[PDB]
Every structure is written in C-alpha cells, then in structure tokens.
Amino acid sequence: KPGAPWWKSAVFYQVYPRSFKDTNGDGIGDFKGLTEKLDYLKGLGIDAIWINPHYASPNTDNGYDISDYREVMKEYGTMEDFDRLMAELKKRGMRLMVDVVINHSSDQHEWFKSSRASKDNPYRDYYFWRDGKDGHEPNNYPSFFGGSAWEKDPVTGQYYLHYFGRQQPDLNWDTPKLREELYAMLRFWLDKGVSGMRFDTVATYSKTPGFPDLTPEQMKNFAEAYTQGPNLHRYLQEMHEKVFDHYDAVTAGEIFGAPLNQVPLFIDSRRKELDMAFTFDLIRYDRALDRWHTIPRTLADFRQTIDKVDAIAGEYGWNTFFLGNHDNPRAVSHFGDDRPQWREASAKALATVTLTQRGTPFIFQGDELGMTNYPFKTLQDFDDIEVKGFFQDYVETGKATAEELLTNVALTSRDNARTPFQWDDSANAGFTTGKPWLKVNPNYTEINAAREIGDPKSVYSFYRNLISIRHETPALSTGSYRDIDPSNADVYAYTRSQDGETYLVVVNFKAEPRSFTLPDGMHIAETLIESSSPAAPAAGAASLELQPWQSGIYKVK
C-alpha cells in the first residue's frame, strides 16, 4: 500500500557535540569536529543525527539553558559552521534532527531579563511569577536539580518557577504571545532545512492552575505530577497546526515522567500532535523513585517493560528505541556486562536487541564501540549539576552520607555518558589536543574507533553489519513484534513479521550456556547473523544451543 515514512525505517545516531570532537584544543567538541566525522557516521550506516542543544547558552546545563534561540553556541562555532554541517550532511544524503528546549529558557535570555524588571513589564507573563505563602515559597514544588522549584527575586519580591536549574526559568505556555514567539523560533530553524526536532521534556509544558501543593504521594514522584498540566495536548495540537502542518519534519517527544498509558495521546498520528516518542519506562526500569538509587531487576522485567511500551504505540503511534543517552549510564554497563571478559560479547548482544526492535532506533555515541561507565573516585569528579542537586537534597539534609551518594551515583550519573568519544589512542583518545572538559576514560587504550574500524570481529563492525541487515530487511523496522515468553529471565526471544516473512531474534542475557526451544511448528530457515556463536544452527533446527551472551537473528519457516 502506502510506503512507510523515512523516519520509521531510519537508524539515528545521537551526537552530544560537547563531547564528540574538539578541533581547537579548548577541550570542548564543536561543529567543525562533527563535520569532520560525517564520513565515519556515514560508513557506520547512519541515516540521521540528533544533536543535543547547539544554541547560545551560559552552559549551566550544557546547552539546555538557552540565552538566544537564533544564535549558535559560541563553543560549537558560528552560524556559518552550522550551515556547513547542514550542507555536508545533505551531500551524504543524511538528515539532521535538532534539540528543542522550550519548557524553560536561560535566565540570561533577553525575555527573562525584561520579565523580572517589574510586575508591569510587557514580558512579565512570559514566565511564572508568584507571591510566597506563609513567609515561604508559593508552594512545595521541588526542583530536579535541588531545592525548591521557586526562586525569589529581590527586584520585585516575587518567586519564579524553575522545574530544573535556578538558571532555567520555566516558560509560560499559558500566554499566547509567548507561544507565538516559540512558533516563530521553530520556523526559523525549519526554514533552514532541519529534518527533525526532538522536544526536551515535552510533557511538562502545561502548568497546574493555582499551583496547589503536591500531595505527599505526589512528592514521592513529582516528575509524574509535572506532566499532568490540563492544557498540555491543547498546546501540542496548536503547535502542530501552526508549525508542523506546513513542513515535513519529523517530531520526537521526550515524554519524561508521564505514565505510560498517556503516551498514545502524544503519538497517535490521528491526534496530530507528535510523530515519535522517547519513553523512559525501559531506561529507568531499575531506577528508584529518588532517581539516584538502583533496584535489582531481571530480563523478565526488561522484556515485560518493552512489551508494554510496544503495545502502547498501537496501530497509529510510533516509538523510538534506545538503550542509552546523555542523561543515563552507559548501555553496556547498565544492561550488559562491562567486565573485561564480557564487555564485547554483551555489547554485541545489546546491539542485536537495539537494531531489531520495533521502532526507530537511536544509537548513542560510543555505544557502537562498547564504551563503558567511567570509574569516578570522588564527588569532585562529576561536572553534572544534577549530582550537586542530590548532594544538596540528600547529603546536606543528613539523609545519606557523601560515600553513600558516591557509591550510587557512580552507577547512575549522566556524566557516565558524557566522557569524550574515544577516537584513537593518541592523547585524550584523539578527542582534543588540549585538556578535555570532562576526563576521558582510561580504557580508551583498548576501546577506540581506530582499533575497531579495521577489525571484522569488533563491536563497531558488528553494529555496522546489523545496520546493514536491518536496512535490507523491512520486517525488522516496520514489522509486527511478539515476545515469545515474557516470563523467561535467561533468554530474550521474539519475532518480527511483515508480508508473510518472519524473523526470530534470540539473545542470551546470561554469562552461562543456555538452550532455547522454538514455538511448536516453527523451524530455522536461514541464519542472518550471530555474535559469540561457534556454529550457526542447521536448516530445519527446532531449537538452539546458546553460548554465554550469544545473540542471533534468524529467518524462520
């Protein structure tokens, strides 16, 4: 019938430009660095790149505090450099997705400087200003990055709202003039050729009228509460109608905090809101409610979450799929086994998973090499503003010791994902000729692009091969998905089907040998690929013998 939109069959790579490639030795990656490496990304098989924020910013939160939405961050380069990136991507037939951060701006944005000057400034309701209560904050709202979500301003005596950093005042979507300004800013980039937009914390745009205090229950999970604004979808539909209706850009919502069952409201194509979702049920499936502790899970929980998420897409919706990003620990460390003897095998098995999932996959920079968490030794080793927030909220309050915080954030901190890309084994893994803004992982001597690119057996080569297979196998992108045994906690097994063709994906998550018995009436037809396998099954095989961390994709009859 109709073909599938390009984005449903594409493979995306996420670049965090601050930590990708530096070309002027200042220790921070830039545009020229990324443009120099498009041949590398093209070679991997990448169709589209999502870059983290690249706009003018004080960098209190590395790009997510934007001080001017129409200028390029001075660290990344100039507008000319940005256009050059765009041109060079097009030459390779690649597409760019930019990050859109409009839940909040920097406090150095001209809007907010105006806003805070007086209660009668024309920009006063571009943000949220309220009177304190009982000599306190307007209410009990906590901030993601520590302390109250209300900062008092001596200039007027009132408090402004900030879900995140104090230097990230929330934008007031209730004001139509603000919305119209945001819509114009979006066109500015869209008119430049941008192929896609990912929306930062898209679900927190609408605020609760009256700002009543959160219940104690709500305080336990405040992130979810902030996604329950009564006008949220009215605003997203308006944005689609006034902007995305006139372009052919793909839209991707970061739906952080929302209960899974509300996700279809964002992505159902009929609702004319967003095209794709980034959900966090999977990546935070073993994260405690405080967002820094870990809870033990098994493969059963992993696969069951996936099943739930996939079913939420339904017939008219569409999911992204990812195992890593700039806000989360490294995929091989988190979901695999980063011990030296299991790192490569487990990193390949997760690749097999990532690239055979129903949805649009995003590969986070470095995971194609099998980069790992970083061995943090003290709390001063973290740049992240969110860790400082945990220290404020849990250490300074005596709820936990600094040692307890450290033990735990070492495994969960975003900074695990932000150590410089490991290009070779020159000084600082070839990321910079100067001093990196965040220290490079010492394992760069073993884990680096230059060593993997030539080696047919490397983690890179395996990802490259999977990207080829997927590209050539329609059922592996847009096919149906079925978990064969949601209760099995050793071996992940499922099928992808399209137009009478069925493929079986089988992945041992155990560091021990395991067996797998195919469903009654199903038999192996071909073996497309395996990792950690000494021999493929035989045509006709009705069961599989699996090595530790073995993965494979098979066409069945």
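Residue numbers run from 1 along the displayed sequence.
In this entry, 448 to 456 shows the higher mean Cα temperature factor of the pair 190 to 198 and 448 to 456.
Taking the mean C-alpha B-factor of each stretch as recorded, 235 to 243 and 296 to 304 are not equal, and the higher mean is that of 296 to 304. If you compare the C-alpha temperature factors of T412, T352, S333, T208 in the entry, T208 comes out highest. For the set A475, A184, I467, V72, the maximum C-alpha B-factor listed in the entry falls on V72.
When the modelled residues of the chain are ordered by C-alpha B-factor, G33 sits in the middle third. Split the chain's modelled residues into thirds by C-alpha temperature factor. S114 is in the highest one. Sort the modelled residues of the chain by CA B factor and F222 lands in the highest third. Among the modelled residues of its chain, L528 has a C-alpha B-factor that falls in the middle third, as given in the PDB entry.
Among the modelled residues of the chain, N261 sits in the highest third by CA temperature factor in this PDB entry.
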